[PDB]
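Participant: Got a structure for you, questions after.
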């Protein structure tokens, strides 16, 4: 923190309970646009500057990261739905 | 003062009774690099 | 379309290349002087994505559209700077490979699928030379030599096989797939059963490769990929010296070798060397992948630091799996010290301007523009950066800014959903955070400078999610045990009491009368002319009873306005509809309650109109109130109490003046007559009346008898004199103080516990009110620290219990309404003392936490009332059944619980149900899975950790490990006879014929005498009850029953309360798996899920008749062992050594389906719960008029 400061942490407990309540998003928004998923944080950050719904992140950073930290060590690590079909997890 | 809280009377601030002095220590280091050496002058651009 | 599964397939050379975008078939990458990759390398952007904004490496049209950016001499595709975060690369290798994870994992995935002398063979099949014997070629050189292997280096022959991985490569390829399904399905029925055991295991990899779609070979890498840059960073440290991801220095030599030998082969074929070289090729990858292995870690020239590897990185310790459920850092966060929010209405909350602003910058901004003030957005940004001292108008905004949205809060060690709540924060001076009372309880909200957190939700969603699911206000009760939590107390109480205790004076005996003693006109005047005071003894009255004849509550009160009485006097006053004895003080309580309750009448109802108010007291009301009145109201009540009590709890100014630290006159006479019973047991010892043993147990059981006198005495005096004494009252009411403590203060302490659990025969006569002396301290000391070792080692182990717990049932959720099952449970109302054997019903609580909110399975008759089949019984309801059996008319209260309820991956609504803590049938989607867990361990806290009982057992249990001294169990059913005394101890369980020799170690405390009678699997010796050993010969449920209960026993023995359900839910998974015999499809053992067994064991006899039912058996796992076998991997990871998991997994297709929490989270999805469920999220809302502009575009 050079100009403005701080950056609070967040642990499992937090989540589990978060889980405790059907805090769905409150959970997801707590695992994305408020940390890794670079897309969002900006996306979101902007979002308020104008005041819109704001988030809705495509697919959380980390997910991709991992899958890639994976292949980045063999193993495809594909993705299908309900009808079992090819995904399009990275669009780029 | 509930559960383990405590109340105070402005009075002490008046008498400036419970006041603490504290000195924070700030430091800095200038290194030698390939992109050039890190100087330190009262001269730095765009600074009004 | 969005995700709905994640299948881990293997790695193919062809495909590794397919990706990689580029082809780092090039050197090292960086350039310090000039930030730039290195004409093809690890950073050459041309092959990945552009480091900068769109742009090339020279410059082109950073145009949004056209698609397909490249150049003349600058082929850096222009598609932003992020994609550097996924686009991989590759180093088309020199020759063979071994992704270690198939070499030195655990089972040796390759040195098995192909035998290859388990190990040492593969080990010698690349390194250490040693040549493999591949083909072909007719076989025996000085001895046959059986189409299989090796041959030693200088153990001539030649080759016509090779070495290195090529060997194992072209090896795998040319390897009949199905035939081994036969060469193994022939050595499975005619074997020895010694090494014909691994036989089967071969298939488990085999069939794992077959009905999978994954080919072997590829296990040896023809392609050793390269992860992206923006992931294995090269950030600038403090100038020109950088910090690589540490991994990158590995990939390093990995290229270093593949190039140094890539040359030797191009030129210079000196055999021996080629060998000493490839030996490194692997060791390269080897390291890169799982460096650490073997016995030699990579030595960066200088340090002795191991440096990560593909393994490490993924290997939790924040390795992409754990890193998620462990931390991450918010964007709209802020913490702080907390403080009283007396004024603050419940739902309300702290947040001082200072931070309060910085923690909202956004919204403020825009809101500002949208307001005549501050022209352009960014422009605004500039005014709240003019150092400090804000303007007026501003704030106003910040306010209209937050009115409506809430924030979440949290103490340090959160533990229960409550551990966080939401509040309509308010601006307030002081820099600390203000918080409402009540809550405290939850977080165990203390006030000694502790702090809490505050997270800000944006999603028009998360917000709503909060307040309607997380407002302390909407959340009042502890699912942990369907009782309140927003319970006033540790003061609020004090207050309420004083104003509702009433007084008792004595300067007047021959007072009241059924017929007026003399008269009233006299009875009274006798007052304004001394003697007997207002309130006092009597047969029917006290002066007050007559002096004050009040009409409305008003008056009675308007009285207290003028110094006539003091709320607590017993005055005659007509309340509502009749004449009442009560005090201005009691009455008020009501109205207080009443008004803010809404109906001044139903109020009076719940209330206990006459008797000192207190913890337990209101609590009920509390609960009660809620019962017949909407949460809304419930609060307000909670509220005022807070208030009304407070201000009161102070108007009535009580205090602590040591003198009030009363000592019962009888102290002397008691420590006196007792002091004497000693000179009579030591002067009784002088002779021989007592052994040193018969003696020492007397001075002990001595002072403790007297001690208890001290206790209760100082108390009796505490009721007949000084019934308003500070201390007391508190302890009586809820405020502070327990039966214990108080004592040490006034009367005395007692005898201490030595360091080795002993007790000096010398007491602590003094009492704190008195300056306890020198010695008594040095011995009364141990207690606080040996009892400080608790608060010590009992705090550390985070949630130890908690975790393990969690991992198991994070699945289990309300996933349906009624499993549909008829099956039920028989609830035990009457305990069976395993000692006396005499009976007795259970104690109050237990019960509740056994029936509360349960669901009846087979209607019950008693006392005339009829409980139909399936009704959520209310506390009241259960209350009833209770008296029902006291009146004995029912034995086992049948109920539908989770212990059974078939829905598998979650629980059926009308099973468990209700206790949303909200006292309402459980709404669908709830995370019980957790909840359960959650609750269970929250008490793990206060569980003694000295060691058996408490926590130390809990482990034993859930896990389930044959505790010390196994406790001899009756395998069968029958008769008995013990034999011998003071030599060789044992016992015998001889039914009719088979006299089972049941031994004893020479030191056992049995209890089933000599003769007795029985039935299957039961506590014979005493001690314990082994999980497995039981089960086996008695069934799965059986154990379960024991489990929970057992567990409960300790919990109960410590004040623990908690619906049983919880513990159950846990248990559930403890069964989840079963082994196999006589199969119809999978391996002949593979542990397994119930459902999976039946959607296949109720499907190979129904629609697809035949094959074999494929039975199972009773199998027991424990949290630990549990989770581990859970089918899912993503989750499966996070534990032990992930390697393994993936390893095996990867091989066969292996899918997940993302059904769970820990599952969908590791990735960060939208949890399959509550809002993210399958019954309340796929709903589209209509607006009455915008349903007829949608009805004319449908019939077109």
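All positions are counted from 1 along the displayed chain.
Here the Cβ of each residue, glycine as well, is placed from N, Cα and C on the backbone.
Pasting the relevant annotations from Swiss-Prot:
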- C:56, C:58, C:71, C:74: Zn(2+) 1 binding site (BINDING)
- C:446, C:448, C:450: Mg(2+) binding site (BINDING)
- C:819, C:901, C:908, C:911: Zn(2+) 2 binding site (BINDING)
Participant: Which residues does residue C:74 (Zn(2+) 1 binding site) neighbour through Cβ under 8 Å, counting only same-chain ones at least six apart?
Facilitator: C:46, C:56, C:57, C:58, C:59, C:60
Participant: Sorted by position, what residues of the same chain at least six away from residue C:908 (Zn(2+) 2 binding site) have a C-beta under 8 A from it?
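Facilitator: When sequence neighbours closer than 6 are ignored, residue C:908 (Zn(2+) 2 binding site) has C:815, C:816, C:817, C:818, C:819, C:820, C:821, C:901, C:902 within Cβ distance under 8 Å.
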Participant: From the Cα of residue C:71 (Zn(2+) 1 binding site) across to the Cα of residue C:448 (Mg(2+) binding site), what is the distance in angstrom?
Facilitator: 66
Participant: Compared by Cα position, which of the binding-site residues C:446, C:450, C:911 is the closest one to residue C:71 (Zn(2+) 1 binding site)?
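Facilitator: Result for residue C:71 (Zn(2+) 1 binding site): the nearest of the binding-site residues is C:450.
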Participant: Could you round the CA separation between residue C:911 (Zn(2+) 2 binding site) and residue C:446 (Mg(2+) binding site) to a whole angstrom and send it over?
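Facilitator: Pair distance, Cα basis, whole Å: 37 Å.
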Participant: Near residue C:446 (Mg(2+) binding site), which residues of its own chain have a C-beta under 8 A away, given they sit six or more steps off in sequence?
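Facilitator: Listed in sequence order, they are C:440.
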Participant: Find, for the listed binding-site residues C:448, C:450, the residue with the lowest Cβ contact count at a 10 Å cut-off, counting only other Cβ atoms.
Facilitator: C:448
Participant: Fewest other Cβ atoms within 10 Å: which of the binding-site residues C:819, C:901 wins that one? Let me know.
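Facilitator: With the binding-site residues C:819, C:901, fewest surrounding Cβ atoms within 10 Å: C:819.
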Participant: Sequence order please: the binding-site residues C:58, C:74, C:446, C:448, C:450, C:908 that have their Cβ under 8 Å from a chain B Cβ, otherwise just none.
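Facilitator: The binding-site residues close to chain B are C:446, C:448.
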Participant: Which one of these binding-site residues has the most other Cβ atoms within 10 Å of its own Cβ: C:56, C:58, C:71, C:911?
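Facilitator: The residue with the densest Cβ neighbourhood is C:911.
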Participant: Once C:819, C:901, C:908, C:911 are set aside, which residues in the chain still have Cβ within 8 Å of the Cβ centroid of the Zn(2+) 2 site?
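Facilitator: For the Zn(2+) 2 site the neighbour list reads C:816, C:818, C:820, C:821, C:896, C:898, C:900, C:902, C:903, C:907, C:909, C:910, C:912.
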Participant: Please list, in sequence order, every residue of the chain apart from C:56, C:58, C:71, C:74 whose Cβ lies within 8 Å of the Cβ centroid of the Zn(2+) 1 site.
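Facilitator: Here the non-site neighbours turn out to be C:57, C:59, C:60, C:70, C:72, C:73, C:75, C:76.
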